[PDB]
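**Student:** pasting the sequence and an experimental structure:
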Amino acid sequence: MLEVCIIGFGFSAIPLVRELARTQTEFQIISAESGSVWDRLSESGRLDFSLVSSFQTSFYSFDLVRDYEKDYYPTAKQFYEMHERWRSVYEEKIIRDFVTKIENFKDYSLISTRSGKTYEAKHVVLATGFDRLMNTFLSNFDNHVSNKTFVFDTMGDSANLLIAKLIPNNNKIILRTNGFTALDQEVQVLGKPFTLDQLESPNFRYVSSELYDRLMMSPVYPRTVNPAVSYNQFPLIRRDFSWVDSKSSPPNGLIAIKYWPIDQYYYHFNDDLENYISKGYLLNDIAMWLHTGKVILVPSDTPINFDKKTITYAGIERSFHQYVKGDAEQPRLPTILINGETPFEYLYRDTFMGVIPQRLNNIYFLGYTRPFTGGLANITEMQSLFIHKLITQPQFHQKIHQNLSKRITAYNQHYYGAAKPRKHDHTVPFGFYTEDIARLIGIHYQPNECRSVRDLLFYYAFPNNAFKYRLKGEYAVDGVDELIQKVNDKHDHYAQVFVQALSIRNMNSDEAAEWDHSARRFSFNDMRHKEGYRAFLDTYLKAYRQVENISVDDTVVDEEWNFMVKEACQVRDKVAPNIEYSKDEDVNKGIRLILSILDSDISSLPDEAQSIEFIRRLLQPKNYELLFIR
Ligand SMILES: Cc1cc2nc3c(=O)[nH]c(=O)nc-3n(C[C@H](O)[C@H](O)[C@H](O)COP(=O)(O)OP(=O)(O)OC[C@H]3O[C@@H](n4cnc5c(N)ncnc54)[C@H](O)[C@@H]3O)c2cc1C
Ligand SMILES: N[C@@H](Cc1c[nH]c2ccc(Br)cc12)C(=O)O
């Protein structure tokens, strides 16, 4: 009898397959001849974009320990090429077939395929990915279309990439939506670029949820009246967050689009523009789009007639080429029959950690948890270790399964509270989720075991990437020690984010919100760093056009657009003139102090002032309890 059957092989299954091979656990892989989105993109020649996520968080530890030399954003092509190298390694283990049904019994499953071949497996892993409605617009939709109006109903990473490809052909973009959360994928810290995922210091939640909340949420919730922030210049981008019923911030179920702010795009690519664009580094600055009016927001309830293909805003009945419904995404599960008979119904909240479903035996879900920021690799790598330990160690299987029902209840209380199930429940802050899996497995770190200030930085400030937990113990990866030193050496041991937490320990929500926005350039949606980039933007559009052999005339005028843009940008034409310290000042001093006491013993530190008292209490954080683990 087959010990393990993995269904679907793309990206998510790689780490688990690796661990099963290591313990010589008997496994077979079944995966469709047709492959995935990435093969459609490959063969239609549309691997012509880059990831929104850092190398550090998008490629697995066993690759990073060989190939990390610096932070960069991988291209679509580099991501697919990495899928194809790992497929080649394991191709002998893969049956090319399509699973149509799983019949789940007490300690085994009967798997049906389209060939009609049947397989019996004690443990079954689904790593089948998602059906995504937007994939067609990326796969197929045309790059010649020009000067048309498009209406999007929702704003996600796919819509934002499509908008990036549309804008250089003078296509006009209308977002009719109930707000969206966008974040600069990169932040300049004392002149050095940090991806946003490197600045979240998530283990500060254990100190207090209130402190973690005021440190993180001012770019998301409208807490500052600083007139430089997009959610003040363009109030329509604001969301209804009344659904949120949890002390854990940022909450599970929050989604953001991550985008290149034009200032950082310039710093990276100005020097060799066309060649960078040709590689898939595309400018997707939604905030620069709202600034220059190439995108406009209109109310959620703005009247639209699909019969005549017109939207009614600014007293103008406006004609559009295409309405884009908006990315719904569904896990590609085959029919699963409970005890051979009753169809299983998938709901994220009814699985433990997005992996273990109820009323099924020895069936695990790999790849159906989405990270709030950073790449999927961090999530799937930790899920792979969790599944590996559940499949190979019966004691661990029993320990998790015995009280599965109450772990799930305790998880849902902590992270969702009394909120109704939502379609984005599957979205988790990466640094909570990786840490949660690490504590479940026992490869986590103990704050009490920190000895030096250096150790405290590693524990609190070093990002909770999967490879953080493969330094030592049960799932150690060779070379992770040198990886961490490289990453620490390049990011000043994450002293800046440690200092951020220190700066707001004694503030309230509102004070923290003002402080986070006092910078010359604050991290997210800073509308002061747009105007001075218009010259660069034309160099960009021209370079893009040259790359894609496009002709277009920038003298054509859509006076109806102008009335709608000016109607749209009314609040901005009021607020932006009100524009015009602390964060820049506090960071620069804090970092000097911290770097000075790096190798100082914590326990020994004497009685600036209560910042030492605070640093000492980090050995004994008061909000460490996670009842889905304990
Ligand atoms: C446009 C786009 C951009 C993305 N950008 C990023 C990014 O910047 N950073 C990031 O970290 N992530 C990103 N992702 C998300 C993620 O990294 C990819 O979706 C990834 O391909 C998911 O890998 P997977 O193994 O879960 O699924 P897939 O890659 O889809 O692989 C699943 C495989 O299972 C097969 N299969 C499905 N059902 C069956 C069945 N019943 N029987 C047999 N075989 C089956 C499929 O044919 C496929 O070959 C992006 C996704 C998309 C679509
Ligand atoms: N005070 C932090 C906020 C931050 C940093 N990184 C983040 C990522 C997601 C979200 Br929501 C917030 C952040 C910063 O500005 O560096």
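**Tutor:** Thanks, I have the structure now. Numbering: from 1, shown residues only. Ligands and ions are numbered 1, 2, ... in the order given.
**Student:** name the element the residue in the stretch 501-630 of the chain that ligand 2 sits nearest to belongs to?
**Tutor:** Relative to ligand 2, the nearest point of the stretch 501-630 of the chain is residue 523 (3.5 Å; CB to the nearest ligand atom). C-betas here are computed from N, CA, C, even on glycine. Under the criterion DSSP states H and E, no helix or strand holds residue 523.
**Student:** that one contacts residue 219, doesn't it?
**Tutor:** Yes - using CB atoms under 8 Å, residue 523 is in contact with residue 219, at 6.6 Å.
**Student:** quick one: residue 233 and residue 527 touch, right?
**Tutor:** Yes - between residue 233 and residue 527 there is a contact at 5.2 Å, judged by CB under 8 Å.
**Student:** common neighbours of those two, please.
**Tutor:** Taking CB atoms under 8 Å, 6 or more residues apart in numbering as the contact rule, residue 233 and residue 527 both touch 572, 576.
**Student:** just the strands in the stretch 51-200 of the chain please.
**Tutor:** Assigned by DSSP state E, counting those that start in this stretch, the strands in the stretch 51-200 of the chain fall at 94-96, 99-104, 109-113, 118-126, 130-132, 149-152, 172-176, 182-184, 186-189, 192-195.
**Student:** list residues touching both of residue 523 and residue 219?
**Tutor:** Both residue 523 and residue 219 are in contact with 183, 516, where contact means CB under 8 Å, 6+ apart.
**Student:** ok, now which ones touch residue 86?
**Tutor:** Residue 86 makes contact with residue 14, according to CB under 8 Å, 6+ apart.
**Student:** measure it to residue 569 for me?
**Tutor:** Computed as CB to CB, to the nearest Å, the residue 86 to residue 569 distance reads 48 Å.
**Student:** C-terminal to the helix or strand harbouring residue 258, what's the next element?
**Tutor:** In this assignment (DSSP H and E), residue 258 forms part of strand 257-259. Later in the chain than strand 257-259, the nearest helix or strand by DSSP H and E is helix 262-269.
**Student:** how distant is that following helix from the center of its chain?
**Tutor:** Remark: helix 262-269 is offset 21 Å from the chain centroid, using CA atoms, centre = their mean, to the nearest Å.
**Student:** can you list the residues that contact it?
**Tutor:** Contacts to helix 262-269, defined as CB under 8 Å, 6+ apart, come from residues 184-186, 188, 193, 276-277, 281, 283, 285, 288, 521, 529-530, 533, 536-537, 540.
**Student:** quick check on these: which are buried?
**Tutor:** The neighbour count (16 or more other CB atoms under 10 Å) marks 184-186, 188, 276-277, 281, 283, 285, 288, 521, 529-530, 533, 536-537, 540 as buried among the contacts of helix 262-269.
**Student:** spell out which residues of the stretch 1-150 of the chain are next to ligand 1.
**Tutor:** 7-13, 30-32, 34-38, 51-53, 58, 98-99, 127-129, 132, 135, 138 (CB under 6 Å from any ligand atom).
**Student:** quick one: name the residues of the stretch 251-400 of the chain near ligand 2.
**Tutor:** Residues of the stretch 251-400 of the chain found near ligand 2 (CB under 6 Å from any ligand atom) are residue 373.
**Student:** look at stretch 137-145 and report the distance between its end residues.
**Tutor:** 13 Å (CA to CA, to the nearest Å).
**Student:** now that stretch: buried residues?
**Tutor:** Judged by neighbour count using 16+ other CB under 10 Å, the buried positions of stretch 137-145 are 137-138.
**Student:** gap between it and the chain center?
**Tutor:** 25 Å.
**Student:** now do the contacts for the closest residue in space to residue 132 that isn't next to it in sequence.
**Tutor:** Nearest in space to residue 132, with sequence neighbours left out and distances taken as CB to CB, 6 or more residues apart in numbering, is residue 329 at 5.0 Å. With contact taken as CB under 8 Å, 6+ apart, residue 329 is in contact with 130-133.
**Student:** check residue 261 too.
**Tutor:** Applying CB under 8 Å, 6+ apart, we find residue 261 in contact with 184, 186, 285, 287-288, 526, 529.
**Student:** next: residue 80.
**Tutor:** Contacts of residue 80 (CB under 8 Å, 6+ apart): 38, 41-42, 47.
**Student:** am I right that residue 6 is in contact with residue 16?
**Tutor:** Yes - with contact defined as CB under 8 Å, residue 6 reaches residue 16; the gap is 6.9 Å.
**Student:** picking up where we left off before, farthest-apart pair in the contacts of residue 261, please.
**Tutor:** 186 and 288 (14.1 Å; CB to CB).
**Student:** from residue 604, how far off is the residue nearest to residue 172 when sequence neighbours are not counted?
**Tutor:** For residue 172, ignoring the flanking residues on the chain, the nearest one in space by CB to CB, 6+ apart is residue 149 at 4.8 Å. Distance of residue 149 to residue 604, given as CB to CB: 67 Å.
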